[PDB]
J.: 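The structure follows.
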2 protein chains.
Amino acid sequence: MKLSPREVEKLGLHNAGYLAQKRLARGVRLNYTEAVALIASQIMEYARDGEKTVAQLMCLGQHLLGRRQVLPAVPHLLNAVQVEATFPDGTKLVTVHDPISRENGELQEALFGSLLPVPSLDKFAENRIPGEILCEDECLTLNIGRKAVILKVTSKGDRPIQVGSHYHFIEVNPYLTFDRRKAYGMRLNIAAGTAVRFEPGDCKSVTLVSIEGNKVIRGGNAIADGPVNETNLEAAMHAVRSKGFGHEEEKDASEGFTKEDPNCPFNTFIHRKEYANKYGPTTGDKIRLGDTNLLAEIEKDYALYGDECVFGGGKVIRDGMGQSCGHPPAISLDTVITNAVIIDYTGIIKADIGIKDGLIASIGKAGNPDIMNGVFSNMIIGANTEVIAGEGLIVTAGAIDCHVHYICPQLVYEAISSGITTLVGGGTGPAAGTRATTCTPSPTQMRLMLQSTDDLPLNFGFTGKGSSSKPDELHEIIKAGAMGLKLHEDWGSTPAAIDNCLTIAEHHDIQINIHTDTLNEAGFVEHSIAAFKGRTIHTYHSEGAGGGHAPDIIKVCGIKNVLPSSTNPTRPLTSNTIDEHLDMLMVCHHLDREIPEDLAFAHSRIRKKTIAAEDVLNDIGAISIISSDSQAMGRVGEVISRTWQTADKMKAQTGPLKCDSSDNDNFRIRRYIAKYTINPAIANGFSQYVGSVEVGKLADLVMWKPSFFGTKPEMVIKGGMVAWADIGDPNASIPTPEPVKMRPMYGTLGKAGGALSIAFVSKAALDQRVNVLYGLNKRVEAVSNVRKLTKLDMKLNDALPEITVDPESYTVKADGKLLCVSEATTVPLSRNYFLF
Amino acid sequence: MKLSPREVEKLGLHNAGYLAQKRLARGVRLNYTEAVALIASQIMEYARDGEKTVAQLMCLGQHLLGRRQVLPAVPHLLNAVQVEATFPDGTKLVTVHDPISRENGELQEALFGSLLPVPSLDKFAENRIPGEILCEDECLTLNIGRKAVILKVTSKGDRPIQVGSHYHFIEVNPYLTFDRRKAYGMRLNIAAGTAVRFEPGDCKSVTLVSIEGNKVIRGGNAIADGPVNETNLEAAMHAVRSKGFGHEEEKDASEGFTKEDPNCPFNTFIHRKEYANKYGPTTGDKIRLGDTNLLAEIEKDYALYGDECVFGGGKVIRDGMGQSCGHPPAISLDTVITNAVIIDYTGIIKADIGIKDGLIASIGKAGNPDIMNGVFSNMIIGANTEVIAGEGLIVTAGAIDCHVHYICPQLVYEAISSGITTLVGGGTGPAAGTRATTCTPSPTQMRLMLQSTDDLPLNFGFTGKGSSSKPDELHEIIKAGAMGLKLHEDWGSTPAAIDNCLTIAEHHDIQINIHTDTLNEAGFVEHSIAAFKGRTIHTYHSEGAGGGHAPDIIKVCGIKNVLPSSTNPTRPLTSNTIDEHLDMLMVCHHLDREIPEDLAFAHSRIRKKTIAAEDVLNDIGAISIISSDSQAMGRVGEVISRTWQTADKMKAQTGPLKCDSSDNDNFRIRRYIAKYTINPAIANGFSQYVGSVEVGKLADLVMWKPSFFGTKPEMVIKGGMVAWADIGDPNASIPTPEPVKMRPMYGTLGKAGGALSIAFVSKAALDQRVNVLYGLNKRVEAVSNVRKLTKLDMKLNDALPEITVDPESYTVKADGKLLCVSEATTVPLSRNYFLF
Ligand code: NI
Ligand code: NI
Ligand code: NI
Ligand code: NI
């Protein structure tokens with residue numbers, strides 16, 4: 001066949017289309033993903049037939065699926081479908097604009113080439129706008145507090161001339177005629193990144209405003225190079241005359257100032273709706289998170305309206321304009337993320353993000369101090385600065401999953417593609433020990449796992465086997481590179497082992513993670529708590545379905561020296577949770593339903609009442625961390641989604657939190673994002689490096705469309721370089737035609753991944769330079785400051801309720817009050833998004 | 001399921017087959033690729049059913065598709081289909097020979113297992129032979145100018161004896177009896193690589209000719225080891241007697257000489273058709289390039305007829321025969337490519353290619369100087385020499401794409417699989433800046449991109465952001481590793497930036513690439529030209545759809561100091577070009593068709609008249625380079641195909657060029673291949689390393705079947721080692737059974753890719769040993785000699801017409817003459833080859 005990579009890929013796309021066609025044929029209302037697959041595949045198939053033009057297929061594509069054949073959200077989510085195919089005249093791109101335009105599609109066309117029977121329209125049996133922006137109906141004034149002038153501008157050219165918002169107006173094409181003197185030090189008072197067009201012979205009046213900051217003109221035609229002053233004005237006018245740039249005095253041109261005044265003729269206004277469309281939302285605006293019920297309100301914005309950094313043709317980030325000429329090369333940002341909505345435990349804000357040497361260098365207003373006010377010296381865009389366009393998007397910290405079983409490499413790819421940039425756990429591959437426990441037991445394996453993962457663009461921490469009553473071997477795995485230890489009942493979680501392991505932790509400044517004695521073999525939960533002896537410990541899957549003292553391990557959530565986490569599969573309590581978990585446990589542990597003792601054990605471990613309590617305890621901040629339990633009892637690609645599904649369920653069933661305002665869900669949002677960002681970093685002792693969008697930390701950052709927030713990110717940035725991202729057909733004319741998949745980027749090739757990341761180890765390991773011993777390219781840093789932590793150090797998740805669990809009925813109470821929530825029948829961040 | 005890799009692969013093959021079956025079921029005439037998929041899948045399916053033998057399926061496979069169910073070219077292209085499947089008696093290989101043997105196929109069998117309705121034969125509605133060889137009807141004489149003898153040879157053996165063309169005849173199996181004395185220093189006068197068979201008791205007369213060159217006998221039975229002379233003859237005859245090798249004097253055996261004489265009984269002849277079948281074509285023969293209208297004539301051949309280097313059982317490249325024993329080990333070739341048709345800007349020739357230390361060591365006649373005439377000391381095949389079989393194939397230089405946006409890694413794989421071995425451009429991954437511009441802005445990113453790509457078997461050059469009015473930052477990106485700079489309107493392409501960037505280039509000996517001011521914001525095209533100040537500059541997408549002064553950027557093609565390139569999507573003007581491009585632009589730039597100014601801009605940039613002119617300007621050599629614009633506005637896998645589609649269109653609409661002869665298209669072919677080989681290398685300053693099939697340069701070479709020339713190569717050789725190649729089922733008994741895909745080879749594993757390639761940097765970067773600083777394994781070399789270049793230095797593309805563009809109508813003229821060509825409704829190198 002001699003198949004090229006693109007032919008293999010397009011076959012995959014066609015297969016997805018055919019799946020969507022079969023589903024359509026039985027009356028399934030297609031989701032966004034299925035709709036894209038079907039429409040793109042159909043365009044390819046009509047191209048193969050060779051009877052239809054690109055123009056014809058732009059039209060035909062709008063007739064395939066109607067509103068009745070797709071889910072309610074699809075007409076909102078689906079703005080366009082793009083694909084390239086081999087026409088009789090070669091490869092061409094087709095864009096189908098707004099494809100869901102009718103009530104019912106022409107289903108013979110939707111099923112063309114499939115040989116499937118066309119279903120009657122009555123087969124499709126009978127709302128929320130994902131990622132919607134809410135704003136007040138009001139306009140905003142641009143460029144306030146500046147000198148202004150209105151000038152008549154005439155084109156004497158025979159070809160069109162277009163001038164951008166931040167172009168120095170005296171520097172324009174000599175075939176424009178106007179008062180060049182009055183234009184000196186001025187620029188167009190129009191929305192940032194827009195332009196004014198002059199056709200040959202056109203006269204148009206334009207409003208100009210003064211440049212600000214240092215007021216220095218650079219670039220263009222070098223007519224008026226230098227600081228704005230009287231001497232340089234006269235020099236500029238001499239150059240205008242000598243070089244024949246169009247100039248005519250306009251003595252009576254209106255002059256004034258811009259201000260907060262709806263009636264000022266010098267002002268330019270923009271409605272909040274259009275502002276949000278161009279730059280993303282601003283202060284007071286609200287954003288729906290994915291298809292959840294959660295609304296995030298912008299708390300503050302660093303932008304000065306009119307000076308937004310937007311990159312593109314005729315736009316702001318250009319030489320001498322938004323791109324600075326007046327600064328030392330060494331202080332140029334490496335990359336700027338422009339116009340980001342930042343969602344972080346520290347706040348929900350609007351800002352530019354500066355990246356330098358792989359670190360978050362600055363958060364605030366970026367640009368050029370020579371023409372803009374409010375640009376600090378650490379936010380300068382230079383010639384040597386890359387641009388990532390954040391407008392309309394949400395940026396968060398990379399997620400940190402701190403309950404990883406390293407069972408296979410493929411879970412790493414699933415993790416990063418979901419928005420996780422740090423993994424903490426243990427394992428050696430799919431050995432029984434690892435399939436059961438987060439343990440890398442041997443120094444040999446510690447070396448090999450650090451070497452194995454050295455080129456992967458994630459930060460890694462490996463934990464050894466802490467289940468020993470003697471310190472001797474624990475010292476060895478720690479000096480070999482372990483940054484923590486796991487106590488697991490499968491290796492013995494006895495009071496003797498617990499005490500020894502914690503004594504080791506006190507010496508080594510590492511965190512201990514525990515899966516307790518489910519069997520109550522050596523003691524009940526109170527006896528394990530006693531063995532902690534008030535020392536800091538991280539309790540894994542604190543609810544207990546994932547393991548622990550039956551039935552009351554969840555009591556640890558009220559213990560001050562405990563840092564409690566949840567694993568994912570129980571998040572949140574839904575219709576299928578109990579049936580799924582009970583069978584999973586009995587299959588995994590080879591338990592027989594016919595044997596009374598086996599069933600008794602299973603029922604003692606899988607409990608509706610404690611899982612329901614876990615929903616509430618997460619919501620009130622009594623559980624501090626959410627994690628996967630990857631391929632042992634949890635799902636690596638669902639750390640983020642399960643967190644937001646829990647928050648959504650709790651809002652639906654209890655309303656806003658005590659500390660939330662009436663207008664938004666900001667407090668709940670900040671509390672929940674802390675669970676998979678900052679708190680895993682604090683618990684494990686590397687919070688100075690990662691875990692939040694804050695200056696000085698690694699630029700591990702994830703870009704989200706609001707409509708896909710919490711499910712499928714756009715782009716994963718690791719140490720300031722794109723590591724993974726959505727990209728379409730590699731042969732295509734543009735990056736967006738189908739099939740669009742999450743794919744590894746340049747941060748995954750060669751040794752680039754190591755340059756962008758950190759392997760976290762113990763101080764003991766770093767003291768012996770384990771990176772040198774093992775020949776690692778990845779930076780290594782020691783974990784620290786984990787032995788004086790309490791629940792109070794868990795950001796926004798510091799609650800310590802007195803927890804009681806009835807030993808017979810399993811009823812859970814917090815401070816004497818019943819902790820109960822109903823099962824949810826549905827969750828968001830699911831059916832709208834996934835192909836399977 | 002426990003799926004092995006081959007099971008996953010065969011599922012993919014089956015899916016391709018089912019796609020072909022659905023298409024067949026609606027009456028589609030299948031292309032080559034679809035036909036292979038269907039036939040192979042059907043053989044697998046009948047194997048699964050377990051009722052048919054291998055022998056039965058060899059027959060059944062010939063009945064599936066008739067001539068009416070496939071495209072006209074398919075019976076020509078499809079010589080065999082091979083696949084392996086699990087029969088009841090295990091894995092077996094089936095080869096279906098000449099599968100399109102009937103007018104109509106047995107379509108129930110073609111659709112067996114699919115459950116699809118069988119279409120009536122009237123559903124298939126109603127020529128060029130791709131890659132055909134044309135030759136004169138005449139024979140060629142082998143081995144002329146040699147002593148000859150005819151000897152009776154009798155077998156006294158009880159088992160068969162077969163003797164190859166270049167075996168020293170006195171050294172044959174002692175159970176052959178003949179005149180051993182008259183056989184001394186002789187070999188069979190038969191086509192190179194053929195053999196004569198002797199069954200037990202057979203007597204056959206054979207014609208022998210003298211060995212030539214140094215006339216030294218080596219190997220065999222060591223009967224007659226040494227130079228051919230009287231002393232060694234007597235020694236040989238003593239050995240014949242002592243060891244009992246069959247000998248009988250034939251006193252009256254006819255003796256003479258070979259010569260140019262059709263009546264000489266000592267001569268052996270071969271028809272040009274059979275010669276071409278065995279060795280590829282020779283001088284005067286013609287080859288159709290793919291399914292295009294272009295005919296390449298062999299201009300000269302280095303072969304001496306009869307001494308062709310062919311490798312295989314009983315063939316020429318064997319110890320003491322075509323494989324030399326008389327030379328120092330150090331001068332053995334590493335690899336020989338045998339019997340190649342070389343297509344290069346320097347000429348269309350037939351030769352062997354010698355490779356040593358990853359370089360093209362020699363081009364000419366290879367072999368063994370001890371038995372062949374005309375073998376120079378740099379073309380010796382030794383024991384330590386690998387063989388690549390070039391007979392019947394075309395070899396070209398690896399393509400060089402010098403307009404690459406490094407948006408994702410996957411475009412690199414698409415590029416090499418299409419026949420590209422050098423990439424030049426800029427980027428950091430899918431950041432907005434890179435999606436828009438060929439720029440790697442930060443020294444941090446320059447380091448990371450060089451490190452990221454270090455193990456990939458392509459040569460790379462990275463360009464920084466040249467859009468600055470000050471030199472300071474430009475110096476820094478250059479010393480960091482940039483081998484060029486891009487001026488782009490999105491960062492500002494103002495006269496001030498242009499002038500500064502060029503001054504920097506004059507100092508650093510690097511090339512400047514420019515995307516000009518489309519908006520005419522700072523000036524019209526003449527003002528940008530003025531800013532060049534006569535200095536060398538590379539104009540990207542010179543026609544302007546990809547960007548530039550509206551509407552007349554194309555004027556640069558007549559400027560002496562401009563080196564102009566085209567990007568691909570406009571190549572050539574076809575029925576769908578304008579509709580496709582207009583919508584692409586408006587989608588990408590968020591332009592509204594309802595807004596008059598937006599539509600006016602779009603129409604000013606996408607112009608039928610200038611794209612038509614671009615066809616003609618390429619044909620007359622006024623545009624010198626073709627490039628991709630990968631994923632920004634062009635297609636990385638179509639640099640080569642779009643070049644040949646342009647040439648084909650222009651031949652169809654204007655006939656042969658002025659400088660072309662009446663009998664072939666050699667001049668046009670050489671002009672066009674220069675556009676993606678030598679000229680990108682000259683423009684960017686690394687032409688001493690790559691860009692043509694010439695001695696001393698890197699052995700970056702691509703092997704093509706003539707029938708697939710310009711679309712899908714067989715094999716991509718990087719620095720003398722196979723990097724990518726067509727390979728079938730990895731579990732199969734042979735390399736050819738389905739699915740055959742372009743796959744990465746050993747040149748892509750470990751650090752092999754770096755050993756085979758070069759990262760091109762500036763002299764400034766090399767002066768500081770950036771390869772050492774960055775820990776690169778790939779060789780680094782400095783670009784040079786780019787600041788004194790003019791259009792006259794662009795090989796076979798040095799035309800400087802005076803170009804005018806009407807500002808109102810967009811009419812383009814060259815030297816006062818209209819430049820117009822019609823739209824093409826179809827292109828070659830498309831529908832015959834691609835699955836989608
Ligand atoms: Ni556990
Ligand atoms: Ni676990
Ligand atoms: Ni461009
Ligand atoms: Ni480009």
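Excluded from the calculations below are hydrogen atoms, water molecules and symmetry mates; all remaining heavy atoms, backbone and side chain alike, are included. All chains are named by letter (A, B, ...) in the order of the sequence lines, taking the proteins before the strands, and each is independently numbered beginning at 1. In listed order, ligands and their atoms are each counted from 1.
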J.: Taking the ring of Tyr406(B) and the ring of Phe462(B), is the distance between their centroids below 6.0 Å?
T.: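 Close enough - the centres of the two rings lie under 6.0 Å apart.
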
J.: Of the options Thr434(A), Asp629(A), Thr437(A), which is the one that meets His405(A) in a side chain to side chain donor-acceptor pair (under 3.5 Å)?
T.: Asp629(A)

J.: Output, by chain and residue number, all protein N/O/S atoms separated from the Ni ion (ligand 4) by less than 2.8 Å.
T.: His403(B) NE2, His405(B) NE2, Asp629(B) OD1

J.: Without swapping roles, check the side chain of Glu489(A) against the backbone of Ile514(A) for a donor-acceptor pair under 3.5 Å.
T.: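 Judged by distance alone, no pair lies under 3.5 Å.
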
J.: Any salt bridge between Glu521(B) and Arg159(A), counting N to O under 4.0 Å?
T.: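 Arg159(A) and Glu521(B): not salt-bridged.
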
J.: For atom CZ of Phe601(A), decide whether the heavy atoms of other residues, nucleotides or ligands shown that lie under 6.0 angstrom number more than 12.
T.: yes

J.: Is the centre of the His541(A) ring less than 6.0 Å from the centre of the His403(A) ring?
T.: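 Under 6.0 Å, so yes.
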
